[PDB]
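Structure file final-v4.cif; described as mmCIF, C-alpha atoms and all ligand atoms.
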data_entry
loop_
_atom_site.group_PDB
_atom_site.id
_atom_site.type_symbol
_atom_site.label_atom_id
_atom_site.label_comp_id
_atom_site.auth_asym_id
_atom_site.auth_seq_id
_atom_site.Cartn_x
_atom_site.Cartn_y
_atom_site.Cartn_z
ATOM 1 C CA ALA K 1 0.000 0.000 0.000
ATOM 2 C CA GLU K 2 1.176 3.676 0.196
ATOM 3 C CA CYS K 3 4.148 3.642 2.604
ATOM 4 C CA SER K 4 2.804 0.487 4.194
ATOM 5 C CA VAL K 5 3.040 -3.253 3.672
ATOM 6 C CA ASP K 6 0.719 -5.953 5.153
ATOM 7 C CA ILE K 7 2.728 -9.026 5.706
ATOM 8 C CA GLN K 8 1.688 -12.352 7.275
ATOM 9 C CA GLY K 9 3.182 -15.006 9.350
ATOM 10 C CA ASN K 10 1.355 -18.283 9.190
ATOM 11 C CA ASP K 11 1.385 -21.551 11.053
ATOM 12 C CA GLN K 12 3.886 -23.128 8.649
ATOM 13 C CA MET K 13 6.337 -20.328 9.287
ATOM 14 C CA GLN K 14 6.471 -18.413 6.065
ATOM 15 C CA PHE K 15 6.037 -14.781 5.181
ATOM 16 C CA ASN K 16 3.551 -13.802 2.397
ATOM 17 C CA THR K 17 6.237 -11.720 0.606
ATOM 18 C CA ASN K 18 10.004 -11.754 0.598
ATOM 19 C CA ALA K 19 10.734 -8.380 -0.897
ATOM 20 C CA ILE K 20 9.750 -4.984 0.560
ATOM 21 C CA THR K 21 10.547 -1.820 -1.371
ATOM 22 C CA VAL K 22 10.352 1.376 0.606
ATOM 23 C CA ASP K 23 10.210 4.476 -1.558
ATOM 24 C CA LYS K 24 12.472 7.443 -0.664
ATOM 25 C CA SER K 25 9.395 9.732 -0.786
ATOM 26 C CA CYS K 26 7.959 8.044 2.302
ATOM 27 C CA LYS K 27 9.078 9.843 5.448
ATOM 28 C CA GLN K 28 7.787 6.974 7.623
ATOM 29 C CA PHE K 29 7.093 3.369 6.622
ATOM 30 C CA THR K 30 4.562 1.049 8.259
ATOM 31 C CA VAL K 31 4.441 -2.712 8.419
ATOM 32 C CA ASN K 32 1.356 -4.399 9.768
ATOM 33 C CA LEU K 33 2.199 -7.960 10.760
ATOM 34 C CA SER K 34 -0.746 -10.333 11.045
ATOM 35 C CA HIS K 35 -0.847 -14.037 12.002
ATOM 36 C CA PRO K 36 -3.377 -16.487 10.479
ATOM 37 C CA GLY K 37 -3.701 -20.135 11.555
ATOM 38 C CA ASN K 38 -4.418 -21.546 15.027
ATOM 39 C CA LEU K 39 -0.997 -22.356 16.548
ATOM 40 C CA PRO K 40 -0.191 -20.305 19.659
ATOM 41 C CA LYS K 41 2.672 -17.901 20.438
ATOM 42 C CA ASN K 42 4.935 -20.288 22.374
ATOM 43 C CA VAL K 43 4.738 -22.759 19.469
ATOM 44 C CA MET K 44 4.607 -20.477 16.357
ATOM 45 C CA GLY K 45 5.037 -16.878 17.351
ATOM 46 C CA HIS K 46 6.231 -14.370 14.764
ATOM 47 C CA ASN K 47 7.606 -10.860 14.712
ATOM 48 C CA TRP K 48 8.962 -8.553 11.948
ATOM 49 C CA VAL K 49 12.581 -7.393 12.658
ATOM 50 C CA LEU K 50 14.681 -5.160 10.466
ATOM 51 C CA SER K 51 18.484 -4.976 10.526
ATOM 52 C CA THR K 52 21.297 -4.666 7.983
ATOM 53 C CA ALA K 53 22.059 -7.938 6.263
ATOM 54 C CA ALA K 54 25.427 -8.081 8.067
ATOM 55 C CA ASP K 55 23.948 -7.678 11.522
ATOM 56 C CA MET K 56 21.031 -10.200 10.965
ATOM 57 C CA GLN K 57 22.746 -13.373 12.278
ATOM 58 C CA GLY K 58 23.739 -11.556 15.438
ATOM 59 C CA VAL K 59 20.300 -10.094 16.202
ATOM 60 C CA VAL K 60 18.877 -13.580 15.551
ATOM 61 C CA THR K 61 21.364 -15.365 17.856
ATOM 62 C CA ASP K 62 21.159 -12.863 20.684
ATOM 63 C CA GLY K 63 17.367 -12.668 20.332
ATOM 64 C CA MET K 64 17.030 -16.516 20.385
ATOM 65 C CA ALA K 65 19.315 -16.527 23.354
ATOM 66 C CA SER K 66 17.078 -14.000 25.210
ATOM 67 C CA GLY K 67 13.775 -15.956 25.375
ATOM 68 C CA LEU K 68 10.048 -15.947 25.009
ATOM 69 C CA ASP K 69 9.624 -13.583 27.915
ATOM 70 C CA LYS K 70 11.834 -11.034 26.104
ATOM 71 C CA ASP K 71 9.971 -11.849 22.773
ATOM 72 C CA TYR K 72 13.210 -13.201 21.403
ATOM 73 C CA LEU K 73 14.699 -9.718 20.844
ATOM 74 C CA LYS K 74 17.745 -8.790 22.991
ATOM 75 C CA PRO K 75 16.800 -5.649 25.003
ATOM 76 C CA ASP K 76 17.875 -2.293 23.569
ATOM 77 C CA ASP K 77 19.760 -4.048 20.821
ATOM 78 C CA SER K 78 21.358 -1.306 18.775
ATOM 79 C CA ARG K 79 21.212 -3.350 15.494
ATOM 80 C CA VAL K 80 17.490 -3.688 15.093
ATOM 81 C CA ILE K 81 16.196 -0.642 13.223
ATOM 82 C CA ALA K 82 12.474 -1.360 13.761
ATOM 83 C CA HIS K 83 10.584 -4.456 15.015
ATOM 84 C CA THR K 84 6.981 -5.466 15.893
ATOM 85 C CA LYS K 85 6.300 -7.556 19.102
ATOM 86 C CA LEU K 86 5.954 -11.351 18.856
ATOM 87 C CA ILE K 87 2.308 -12.343 18.141
ATOM 88 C CA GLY K 88 0.489 -15.701 18.075
ATOM 89 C CA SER K 89 -2.459 -16.689 15.898
ATOM 90 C CA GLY K 90 -5.118 -14.052 15.504
ATOM 91 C CA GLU K 91 -2.878 -11.214 16.699
ATOM 92 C CA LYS K 92 -1.859 -8.197 14.745
ATOM 93 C CA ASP K 93 0.704 -5.367 15.401
ATOM 94 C CA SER K 94 2.344 -2.667 13.349
ATOM 95 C CA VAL K 95 5.586 -0.618 13.564
ATOM 96 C CA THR K 96 6.186 2.620 11.754
ATOM 97 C CA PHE K 97 9.922 3.661 11.460
ATOM 98 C CA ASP K 98 11.864 6.695 10.108
ATOM 99 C CA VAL K 99 12.781 6.121 6.504
ATOM 100 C CA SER K 100 15.788 8.434 7.066
ATOM 101 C CA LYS K 101 17.275 5.635 9.140
ATOM 102 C CA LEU K 102 17.701 3.587 5.992
ATOM 103 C CA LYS K 103 20.893 4.321 4.207
ATOM 104 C CA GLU K 104 20.833 4.366 0.408
ATOM 105 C CA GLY K 105 22.721 1.503 -1.088
ATOM 106 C CA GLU K 106 22.896 -0.577 2.139
ATOM 107 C CA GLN K 107 21.443 -4.153 2.266
ATOM 108 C CA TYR K 108 18.586 -4.555 4.717
ATOM 109 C CA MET K 109 17.040 -7.841 5.577
ATOM 110 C CA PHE K 110 13.833 -8.316 7.450
ATOM 111 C CA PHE K 111 13.297 -11.497 9.458
ATOM 112 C CA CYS K 112 11.535 -13.319 12.301
ATOM 113 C CA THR K 113 13.730 -14.067 15.397
ATOM 114 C CA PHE K 114 11.692 -16.885 16.995
ATOM 115 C CA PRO K 115 13.741 -20.160 17.021
ATOM 116 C CA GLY K 116 14.300 -21.661 13.562
ATOM 117 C CA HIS K 117 11.962 -19.254 11.771
ATOM 118 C CA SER K 118 14.582 -17.060 9.896
ATOM 119 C CA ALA K 119 15.614 -19.958 7.706
ATOM 120 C CA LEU K 120 12.350 -19.407 5.690
ATOM 121 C CA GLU K 121 10.870 -16.157 7.236
ATOM 122 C CA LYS K 122 13.239 -13.446 6.089
ATOM 123 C CA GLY K 123 13.413 -11.335 2.927
ATOM 124 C CA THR K 124 14.888 -8.109 1.590
ATOM 125 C CA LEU K 125 13.835 -4.514 2.097
ATOM 126 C CA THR K 126 15.160 -2.101 -0.512
ATOM 127 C CA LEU K 127 14.954 1.687 -0.177
ATOM 128 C CA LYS K 128 14.599 3.160 -3.687
HETATM 129 CU CU CU K 201 8.411 -16.515 12.944
#
Translate the structure described by the file into structure tokens.
Amino acid sequence: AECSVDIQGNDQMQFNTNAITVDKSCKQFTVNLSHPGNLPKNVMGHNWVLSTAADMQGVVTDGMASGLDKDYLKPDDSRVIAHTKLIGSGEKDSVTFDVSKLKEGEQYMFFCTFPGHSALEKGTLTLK
């Protein structure tokens, strides 16, 4: 949509897109994560996290390492640019971020930090 994307995380851990293109015109960008299916947060929770492609592994490891209670995102982790909370089936959440935080020509990956989910739930964000 205009400066927004509606992305989904389903019970067979996949995202409904794998490519997000944020236009330079947008001053803010909004992602609305929604979760269809019936499998609950502790078994198939999802979240939308944004970092540079280089930082990704690290955010994922230190988030995995931090636990359900901390929604698998290490607290005040400087590498995560924007993130939603972890949601189970039937939940929704959105995050708007400053597009001026995205550097032109850098590689940004979006992903889900919940254990084992990044292997299929992750894609690219490109700021044109
Ligand atoms: Cu996930």
Taking only C-alpha atoms and all ligand atoms into account, which residues are within 6 Å of ligand CU 201 (chain K), as a list in words?
residues 13, 45, 46, 47, 112, 114 and 117 of chain K
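Nearest residue to residue 62 (chain K) among K:78, K:120, K:101, K:48 is K:78, counting all atoms listed in the file.
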Residue IDs satisfying the PyMOL selection byres (((chain K and resi 39) around 8) and not hetatm), as JSON, numbers by chain:
{"K": [11, 37, 38, 40, 41, 43, 44, 88, 89]}
File dump, residues just selected, C-alpha atoms, as an mmCIF file, in the frame of the given file:
data_model
loop_
_atom_site.group_PDB
_atom_site.id
_atom_site.type_symbol
_atom_site.label_atom_id
_atom_site.label_comp_id
_atom_site.auth_asym_id
_atom_site.auth_seq_id
_atom_site.Cartn_x
_atom_site.Cartn_y
_atom_site.Cartn_z
ATOM 1 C CA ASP K 11 1.385 -21.551 11.053
ATOM 2 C CA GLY K 37 -3.701 -20.135 11.555
ATOM 3 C CA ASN K 38 -4.418 -21.546 15.027
ATOM 4 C CA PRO K 40 -0.191 -20.305 19.659
ATOM 5 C CA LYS K 41 2.672 -17.901 20.438
ATOM 6 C CA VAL K 43 4.738 -22.759 19.469
ATOM 7 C CA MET K 44 4.607 -20.477 16.357
ATOM 8 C CA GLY K 88 0.489 -15.701 18.075
ATOM 9 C CA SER K 89 -2.459 -16.689 15.898
#
If we count only C-alpha atoms, what is near residue 16 (chain K) at a cut-off of 12 Å, once residues fewer than 5 positions away on the same chain are taken out, given as a ChimeraX atom specification?
/K:5-11,33-36,120-123
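In terms of minimum interatomic distance to residue 96 (chain K), K:30 ranks closest within K:66, K:30, K:51, K:17, counting all atoms listed in the file.
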Counting all atoms listed in the file, closest pick from K:52, K:107, K:126, K:113 relative to residue 67 (chain K) is K:113
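Shortest separation to residue 19 (chain K) among K:92, K:119, K:109, K:79 occurs at residue K:109, atoms counted being all atoms listed in the file.
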Between CA of residue 124 (chain K) and CA of residue 50 (chain K), what is the distance in Å, rounded to a tenth?
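Between CA of residue 124 (chain K) and CA of residue 50 (chain K) the gap is 9.4 Å.
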Edge lengths and centre in Å to one decimal, as lines of an AutoDock Vina configuration file, is what I'm after for the box along x, y and z that holds all listed atoms of region 111-118 of chain K once 4 Å is added on each side.
center_x = 13.1
center_y = -16.6
center_z = 13.2
size_x = 11.0
size_y = 18.2
size_z = 15.6
For the atom pair CA of residue 26 (chain K) and CA of residue 84 (chain K), what is the interatomic distance in Å to one decimal place?
19.2 Å
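Neighbouring residues of residue 97 (chain K) at 10 Å or closer, counting only C-alpha atoms and skipping chain neighbours under 6 positions away, are residues 27, 28, 29, 30, 31, 81, 82 and 83 of chain K.
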How many Å lie between CA of residue 12 (chain K) and CA of residue 90 (chain K), rounded to one decimal?
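Between CA of residue 12 (chain K) and CA of residue 90 (chain K) the gap works out to 14.5 Å.
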In the coordinate frame of the file, compute which residues have an atom within 6 Å of (19.5, -14.4, 8.9) when using all atoms listed in the file, and state them as a list in words.
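Those residues, ordered by chain and then number, are residues 56, 57 and 118 of chain K.
Each of K:99, K:60, K:105, K:49 was checked against residue 85 (chain K) using only C-alpha atoms; the smallest atom-to-atom distance is that of K:49.
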Using all atoms listed in the file, which of the listed residues (K:86, K:127, K:53, K:80) sits closest to residue 68 (chain K)?
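Of all the options, K:86 lies closest to residue 68 (chain K).
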